[PDB]
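Enquirer: Sharing a structure here in structure tokens format.
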Protein chains: 2
Amino acid sequence: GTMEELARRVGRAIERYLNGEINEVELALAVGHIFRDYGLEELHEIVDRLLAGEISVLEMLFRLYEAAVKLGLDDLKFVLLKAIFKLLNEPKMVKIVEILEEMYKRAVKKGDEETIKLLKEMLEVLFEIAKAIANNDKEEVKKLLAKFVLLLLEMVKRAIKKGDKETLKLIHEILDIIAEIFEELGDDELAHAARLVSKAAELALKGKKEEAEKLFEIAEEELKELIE
Amino acid sequence: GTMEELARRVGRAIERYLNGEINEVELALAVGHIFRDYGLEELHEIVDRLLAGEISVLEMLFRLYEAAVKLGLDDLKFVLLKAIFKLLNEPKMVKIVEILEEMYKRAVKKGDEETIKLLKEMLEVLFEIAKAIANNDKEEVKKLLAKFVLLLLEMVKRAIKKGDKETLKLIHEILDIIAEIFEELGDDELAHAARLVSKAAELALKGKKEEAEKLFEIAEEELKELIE
Ligand SMILES: [Zn+2]
Ligand SMILES: [Zn+2]
Ligand SMILES: [Zn+2]
Ligand SMILES: [Zn+2]
């Protein structure tokens with residue numbers, strides 16, 4: 001069928017595994033069969049590696065995400081990222097991925113192609129964040145989250161000069177979630193920068209977009225200073 | 001003896017009651033004896049009302065605080081406010097009161113007398129906050145907290161033109177606690193204003209006090225709009 005059906009089928013199989021309905025061998029067989037039905041051979045070999053017990057579910061998910069990035073399947077990428085952030089106990093990152101997925105679905109139904117590359121770059125950043133979390137290395141997580149906040153700053157700057165309003169609310173929600181994540185990570189300066197960007201976005205949405213820019217360059221210099 | 005030891009004795013009695021070591025009759029008798037020893041008759045009658053069972057511990061604490069406000073005892077005021085905010089399960093307000101007590105204790109050992117009036121006004125605002133919380137009326141709590149944030153903003157504006165450094169850290173911590181309180185109350189705009197003031201204070205303390213003023217009028221304008 002179409003690439004949208006494959007993503008939904010794979011996602012459903014993964015939720016069945018995660019909820020405890022099926023086990024690892026059943027999941028491997030089902031997902032390998034689904035990939036074989038659609039002609040995706042490399043994904044099939046990656047799942048075969050799980051069927052042999054060489055790798056685990058998390059490593060298989062990471063390799064599947066890399067292969068889908070090489071191939072260019074977007075809905076499968078979102079499904080795999082949600083599964084990765086659900087295997088690791090982080091609901092906030094799953095919420096961020098969900099909001100990004102809704103933004104991508106809104107963007108693809110119109111002619112907006114500039115936001116697509118920015119969403120792809122943020123997907124790369126989220127993938128690196130997940131990889132760093134799997135490595136239990138907390139120092140790179142903060143830097144990657146700072147890069148993600150800068151990318152959201154770029155997108156909100158682009159969107160303010162346009163008439164988009166739902167994008168503003170979604171970016172505000174995402175920035176609030178990252179601020180909570182930073183607070184839970186024992187950091188206060190990066191949380192303050194994220195909340196500054198969120199406040200600027202809210203001010204621009206309200207109607208007072210004259211005061212937003214001062215906050216905007218203030219937050220960007222703070223973010224640039226804190227990365228180094 | 002001196003009023004400093006009276007507050008310590010009363011506070012120790014109240015913590016003994018709160019920890020479950022002594023009961024209400026024992027606490028009433030002990031506190032009435034302490035007040036009678038130091039010659040405070042009105043406080044003794046207020047405690048006598050508790051001994052007769054007419055009022056409860058929280059009501060007695062409220063009337064004791066009002067009587068101490070009329071008399072002008074500061075350490076007793078702080079003790080009574082901490083007891084009030086401990087009877088109501090709000091550790092964050094107790095932390096705010098503790099930081100205010102440290103601020104007042106630092107101020108009294110030097111010649112700073114202008115901060116005393118503002119600390120007294122903030123104590124009045126905190127007393128109103130406690131009264132509103134006891135009434136379970138959540139709408140006035142947010143407005144009173146907004147007034148408290150405005151007072152803290154005025155104090156940080158006064159302190160920035162001076163050379164104090166620990167003070168700025170103290171308003172920063174207080175404002176962060178108030179922002180957490182606002183977030184837990186299901187509000188986002190007032191929390192954003194409190195975090196804006198805290199960020200301005202942090203920036204001024206760091207050394208870049210030129211960027212803090214824009215934040216200062218932005219936050220104060222937002223607070224003024226949100227109060228009405
Ligand atoms: Zn096979
Ligand atoms: Zn802070
Ligand atoms: Zn008596
Ligand atoms: Zn917000």
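By convention in this document, the chains of the structure tokens carry letters A, B, ... by their order, each chain's residues are numbered from 1, and ligands are numbered from 1 in the order they are shown.
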Could the residues of chain A that have an atom at most 12 Å from chain B be listed as CSV, each with its closest atom pair and the distance in Å to one decimal, counting only C-alpha atoms and ordered by chain and ascending residue number?

Expert:
```
residue,atom,partner,partner_atom,distance
A:172,CA,B:188,CA,11.1
A:173,CA,B:188,CA,10.9
A:176,CA,B:188,CA,9.8
A:179,CA,B:195,CA,11.5
A:180,CA,B:180,CA,10.6
A:183,CA,B:180,CA,10.7
A:188,CA,B:176,CA,9.8
A:189,CA,B:199,CA,8.6
A:190,CA,B:199,CA,11.0
A:191,CA,B:195,CA,10.0
A:192,CA,B:199,CA,6.6
A:193,CA,B:199,CA,8.7
A:194,CA,B:195,CA,11.0
A:195,CA,B:192,CA,7.4
A:196,CA,B:196,CA,7.3
A:197,CA,B:192,CA,10.8
A:198,CA,B:192,CA,8.8
A:199,CA,B:192,CA,6.7
A:200,CA,B:192,CA,10.3
A:201,CA,B:192,CA,11.7
A:202,CA,B:189,CA,9.1
A:203,CA,B:222,CA,9.9
A:206,CA,B:189,CA,11.5
A:208,CA,B:218,CA,11.0
A:210,CA,B:218,CA,11.1
A:211,CA,B:218,CA,7.6
A:212,CA,B:218,CA,9.8
A:213,CA,B:214,CA,11.1
A:214,CA,B:214,CA,7.7
A:215,CA,B:215,CA,7.6
A:216,CA,B:215,CA,11.4
A:217,CA,B:211,CA,10.4
A:218,CA,B:211,CA,7.6
A:219,CA,B:199,CA,10.6
A:221,CA,B:211,CA,11.1
A:222,CA,B:203,CA,9.9
```

Enquirer: Would you put the residues from that selection into a file with N, CA and C atoms, as an mmCIF file, in the first residue's frame?

Expert:
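Final file, result_28.cif:
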```cif
data_model
loop_
_atom_site.group_PDB
_atom_site.id
_atom_site.type_symbol
_atom_site.label_atom_id
_atom_site.label_comp_id
_atom_site.auth_asym_id
_atom_site.auth_seq_id
_atom_site.Cartn_x
_atom_site.Cartn_y
_atom_site.Cartn_z
ATOM 1 N N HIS A 172 4.977 27.745 21.783
ATOM 2 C CA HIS A 172 4.929 28.121 23.193
ATOM 3 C C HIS A 172 4.805 26.894 24.089
ATOM 4 N N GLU A 173 3.931 25.956 23.720
ATOM 5 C CA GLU A 173 3.771 24.738 24.510
ATOM 6 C C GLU A 173 5.059 23.923 24.530
ATOM 7 N N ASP A 176 7.592 25.604 26.799
ATOM 8 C CA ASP A 176 7.258 25.361 28.200
ATOM 9 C C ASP A 176 7.677 23.960 28.630
ATOM 10 N N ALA A 179 11.340 23.919 29.104
ATOM 11 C CA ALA A 179 11.673 24.628 30.336
ATOM 12 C C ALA A 179 11.478 23.734 31.553
ATOM 13 N N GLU A 180 10.377 22.980 31.585
ATOM 14 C CA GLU A 180 10.175 22.022 32.669
ATOM 15 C C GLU A 180 11.261 20.951 32.668
ATOM 16 N N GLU A 183 14.349 22.454 34.157
ATOM 17 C CA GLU A 183 14.203 22.578 35.604
ATOM 18 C C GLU A 183 14.394 21.233 36.293
ATOM 19 N N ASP A 188 19.102 26.203 35.593
ATOM 20 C CA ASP A 188 18.205 27.339 35.768
ATOM 21 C C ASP A 188 18.386 28.394 34.683
ATOM 22 N N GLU A 189 19.611 28.546 34.176
ATOM 23 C CA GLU A 189 19.863 29.561 33.158
ATOM 24 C C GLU A 189 19.226 29.183 31.826
ATOM 25 N N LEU A 190 19.418 27.935 31.389
ATOM 26 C CA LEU A 190 18.815 27.488 30.139
ATOM 27 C C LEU A 190 17.296 27.463 30.241
ATOM 28 N N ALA A 191 16.770 27.083 31.407
ATOM 29 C CA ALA A 191 15.331 27.163 31.626
ATOM 30 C C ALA A 191 14.843 28.597 31.498
ATOM 31 N N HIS A 192 15.609 29.550 32.032
ATOM 32 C CA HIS A 192 15.230 30.952 31.915
ATOM 33 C C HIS A 192 15.248 31.409 30.462
ATOM 34 N N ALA A 193 16.232 30.954 29.683
ATOM 35 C CA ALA A 193 16.269 31.309 28.264
ATOM 36 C C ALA A 193 15.071 30.734 27.513
ATOM 37 N N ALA A 194 14.728 29.473 27.791
ATOM 38 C CA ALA A 194 13.573 28.860 27.140
ATOM 39 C C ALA A 194 12.285 29.585 27.504
ATOM 40 N N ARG A 195 12.123 29.945 28.781
ATOM 41 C CA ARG A 195 10.941 30.697 29.189
ATOM 42 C C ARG A 195 10.930 32.094 28.586
ATOM 43 N N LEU A 196 12.104 32.696 28.384
ATOM 44 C CA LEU A 196 12.168 33.987 27.709
ATOM 45 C C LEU A 196 11.663 33.880 26.277
ATOM 46 N N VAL A 197 12.087 32.836 25.560
ATOM 47 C CA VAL A 197 11.613 32.642 24.190
ATOM 48 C C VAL A 197 10.110 32.380 24.178
ATOM 49 N N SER A 198 9.623 31.584 25.135
ATOM 50 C CA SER A 198 8.188 31.325 25.221
ATOM 51 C C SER A 198 7.407 32.606 25.490
ATOM 52 N N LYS A 199 7.925 33.460 26.377
ATOM 53 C CA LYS A 199 7.267 34.729 26.670
ATOM 54 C C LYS A 199 7.254 35.638 25.450
ATOM 55 N N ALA A 200 8.355 35.668 24.695
ATOM 56 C CA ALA A 200 8.380 36.461 23.470
ATOM 57 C C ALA A 200 7.347 35.957 22.470
ATOM 58 N N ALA A 201 7.237 34.634 22.323
ATOM 59 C CA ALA A 201 6.235 34.071 21.422
ATOM 60 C C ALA A 201 4.823 34.428 21.872
ATOM 61 N N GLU A 202 4.559 34.345 23.179
ATOM 62 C CA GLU A 202 3.238 34.692 23.693
ATOM 63 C C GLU A 202 2.928 36.170 23.476
ATOM 64 N N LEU A 203 3.917 37.041 23.694
ATOM 65 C CA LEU A 203 3.722 38.468 23.461
ATOM 66 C C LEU A 203 3.414 38.747 21.998
ATOM 67 N N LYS A 206 -0.154 37.664 21.285
ATOM 68 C CA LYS A 206 -1.182 38.515 21.879
ATOM 69 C C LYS A 206 -1.482 39.723 21.000
ATOM 70 N N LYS A 208 1.147 42.492 20.874
ATOM 71 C CA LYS A 208 2.231 43.432 21.160
ATOM 72 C C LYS A 208 3.528 42.803 20.665
ATOM 73 N N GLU A 210 5.888 44.528 19.195
ATOM 74 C CA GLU A 210 6.975 45.494 19.297
ATOM 75 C C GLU A 210 7.930 45.161 20.438
ATOM 76 N N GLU A 211 7.405 44.683 21.567
ATOM 77 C CA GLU A 211 8.234 44.321 22.710
ATOM 78 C C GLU A 211 8.877 42.948 22.570
ATOM 79 N N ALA A 212 8.466 42.155 21.579
ATOM 80 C CA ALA A 212 8.968 40.791 21.464
ATOM 81 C C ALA A 212 10.433 40.749 21.048
ATOM 82 N N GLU A 213 10.868 41.676 20.192
ATOM 83 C CA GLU A 213 12.213 41.598 19.628
ATOM 84 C C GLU A 213 13.289 41.827 20.684
ATOM 85 N N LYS A 214 13.073 42.768 21.601
ATOM 86 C CA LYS A 214 14.089 42.979 22.626
ATOM 87 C C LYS A 214 14.333 41.690 23.399
ATOM 88 N N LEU A 215 13.252 41.059 23.865
ATOM 89 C CA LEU A 215 13.336 39.732 24.462
ATOM 90 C C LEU A 215 13.997 38.735 23.519
ATOM 91 N N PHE A 216 13.771 38.884 22.212
ATOM 92 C CA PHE A 216 14.212 37.871 21.259
ATOM 93 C C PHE A 216 15.731 37.855 21.136
ATOM 94 N N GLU A 217 16.333 39.013 20.860
ATOM 95 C CA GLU A 217 17.796 39.063 20.861
ATOM 96 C C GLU A 217 18.394 38.865 22.251
ATOM 97 N N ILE A 218 17.692 39.251 23.325
ATOM 98 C CA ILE A 218 18.218 38.945 24.658
ATOM 99 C C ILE A 218 18.337 37.435 24.847
ATOM 100 N N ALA A 219 17.269 36.708 24.517
ATOM 101 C CA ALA A 219 17.277 35.259 24.659
ATOM 102 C C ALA A 219 18.312 34.620 23.745
ATOM 103 N N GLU A 221 21.220 35.921 22.611
ATOM 104 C CA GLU A 221 22.576 36.077 23.138
ATOM 105 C C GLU A 221 22.777 35.197 24.364
ATOM 106 N N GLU A 222 21.755 35.084 25.220
ATOM 107 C CA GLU A 222 21.884 34.209 26.381
ATOM 108 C C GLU A 222 22.107 32.760 25.961
#
```

Enquirer: Residues of chain B that have any atom at most 10 Å from an atom of ligand 3: could you tabulate them with the shortest-distance atom pair and the distance in Å to one decimal, using only C-alpha atoms and all ligand atoms, ordered by chain and increasing number, as CSV?

Expert:
```
residue,atom,partner,partner_atom_place_in_ligand_line,distance
B:28,CA,ligand 3,1 (Zn),9.8
B:29,CA,ligand 3,1 (Zn),8.6
B:32,CA,ligand 3,1 (Zn),6.7
B:33,CA,ligand 3,1 (Zn),8.3
B:35,CA,ligand 3,1 (Zn),9.8
B:36,CA,ligand 3,1 (Zn),8.1
B:41,CA,ligand 3,1 (Zn),8.8
B:42,CA,ligand 3,1 (Zn),10.0
B:43,CA,ligand 3,1 (Zn),9.8
B:44,CA,ligand 3,1 (Zn),6.1
B:45,CA,ligand 3,1 (Zn),6.0
B:46,CA,ligand 3,1 (Zn),8.9
B:47,CA,ligand 3,1 (Zn),7.6
B:48,CA,ligand 3,1 (Zn),5.1
B:49,CA,ligand 3,1 (Zn),8.6
B:51,CA,ligand 3,1 (Zn),8.4
B:52,CA,ligand 3,1 (Zn),9.7
```

Enquirer: Please identify all polymer residues within 9 Å of residue 100 (chain B), counting only C-alpha atoms, omitting same-chain residues fewer than 5 positions from it, and present them as a PDB file with C-alpha atoms, in the first residue's frame.

Expert:
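Written file, part12.pdb:
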```
ATOM      1  CA  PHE B  78       7.686  35.890  61.645  1.00  0.00           C
ATOM      2  CA  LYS B  95      10.256  28.960  52.504  1.00  0.00           C
ATOM      3  CA  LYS B 105      17.664  39.933  60.083  1.00  0.00           C
ATOM      4  CA  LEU B 119       9.383  44.193  54.273  1.00  0.00           C
ATOM      5  CA  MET B 122       5.259  42.373  52.093  1.00  0.00           C
ATOM      6  CA  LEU B 123       4.442  40.807  55.473  1.00  0.00           C
ATOM      7  CA  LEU B 170      17.264  36.287  47.712  1.00  0.00           C
ATOM      8  CA  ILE B 174      11.687  34.114  46.186  1.00  0.00           C
TER       9      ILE B 174
END
```

Enquirer: Which residues come within 10 Å of region 142-147 of chain A, counting only C-alpha atoms, excluding same-chain residues fewer than 4 positions away, as a ChimeraX atom specification?

Expert: /A:122,125-129,132,137-138,151-153,178-179,181-182,185,187,190-191,193-194,223-224,226-228

Enquirer: Would you mind exporting the chosen residues as a CSV table (one decimal), in the first residue's frame, restricted to C-alpha atoms?

Expert:
```csv
chain,number,residue,atom,x,y,z
A,122,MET,CA,14.9,19.4,14.8
A,125,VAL,CA,18.4,17.1,17.2
A,126,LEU,CA,15.8,15.0,19.0
A,127,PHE,CA,17.4,11.8,17.7
A,128,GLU,CA,20.7,12.9,19.1
A,129,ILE,CA,19.0,13.8,22.4
A,132,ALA,CA,22.6,10.7,24.4
A,137,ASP,CA,25.5,11.2,29.3
A,138,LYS,CA,23.7,14.2,30.8
A,151,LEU,CA,15.9,26.1,16.2
A,152,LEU,CA,12.5,26.8,17.8
A,153,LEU,CA,13.6,30.5,18.1
A,178,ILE,CA,11.6,22.1,27.5
A,179,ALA,CA,11.7,24.6,30.3
A,181,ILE,CA,12.7,19.5,31.4
A,182,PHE,CA,15.6,21.9,32.1
A,185,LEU,CA,17.6,18.5,35.1
A,187,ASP,CA,19.6,23.8,35.5
A,190,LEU,CA,18.8,27.5,30.1
A,191,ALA,CA,15.3,27.2,31.6
A,193,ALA,CA,16.3,31.3,28.3
A,194,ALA,CA,13.6,28.9,27.1
A,223,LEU,CA,21.5,30.9,24.5
A,224,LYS,CA,24.7,31.5,22.5
A,226,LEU,CA,25.4,29.3,27.5
A,227,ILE,CA,26.3,26.8,24.7
A,228,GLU,CA,30.0,27.6,24.9
```

Enquirer: With only C-alpha atoms as the counted atoms, please give the residues lying no more than 9 Å from residue 160 (chain A), apart from itself and same-chain residues fewer than 4 positions off, as a list in words.

Expert: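 Those residues are residues 155, 156, 164, 165, 168, 201, 204, 205 and 209 of chain A.
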
Enquirer: Can you list, as a ChimeraX atom specification, all residues belonging to region 35-220 of chain B that DSSP tags as helix (DSSP H, G or I)?

Expert: /B:35-37,41-51,57-71,74-87,91-108,114-134,138-160,166-184,189-206,212-220

Enquirer: Name the residues in contact with residue 82 (chain B) at a cut-off of 12 Å, using only C-alpha atoms, excluding same-chain residues fewer than 5 positions from it; report them as a tab-separated table (two decimals) with C-alpha atoms, in the first residue's frame.

Expert:
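Written file, part19.tsv:
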```
chain	number	residue	atom	x	y	z
B	7	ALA	CA	9.53	34.74	70.06
B	10	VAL	CA	6.61	30.75	71.58
B	11	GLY	CA	7.94	29.28	68.35
B	12	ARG	CA	9.42	26.28	70.16
B	14	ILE	CA	4.27	25.82	68.54
B	15	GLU	CA	6.68	23.39	66.86
B	18	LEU	CA	2.78	20.73	65.49
B	58	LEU	CA	-5.39	28.54	63.42
B	61	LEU	CA	-2.63	32.20	65.45
B	62	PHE	CA	-4.41	34.73	63.22
B	65	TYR	CA	-0.52	37.84	64.53
B	75	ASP	CA	10.29	38.12	65.43
B	76	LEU	CA	6.96	37.04	66.92
B	77	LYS	CA	5.32	38.10	63.65
B	87	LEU	CA	-0.76	24.55	59.70
B	88	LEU	CA	-1.88	24.96	56.09
B	89	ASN	CA	0.18	22.44	54.10
B	90	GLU	CA	2.18	24.97	52.06
B	91	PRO	CA	5.95	24.46	52.39
B	92	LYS	CA	6.70	26.97	49.61
B	93	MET	CA	5.12	29.86	51.50
B	94	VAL	CA	7.08	28.78	54.60
B	95	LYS	CA	10.26	28.96	52.50
B	96	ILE	CA	9.28	32.45	51.32
B	97	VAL	CA	8.71	33.54	54.93
B	98	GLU	CA	12.07	32.06	55.95
B	99	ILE	CA	13.90	33.97	53.21
B	100	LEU	CA	12.06	37.15	54.24
B	101	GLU	CA	13.12	36.55	57.85
B	123	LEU	CA	4.44	40.81	55.47
B	126	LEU	CA	1.60	37.50	53.00
B	127	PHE	CA	-0.86	37.75	55.90
B	130	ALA	CA	-2.76	33.29	54.33
```
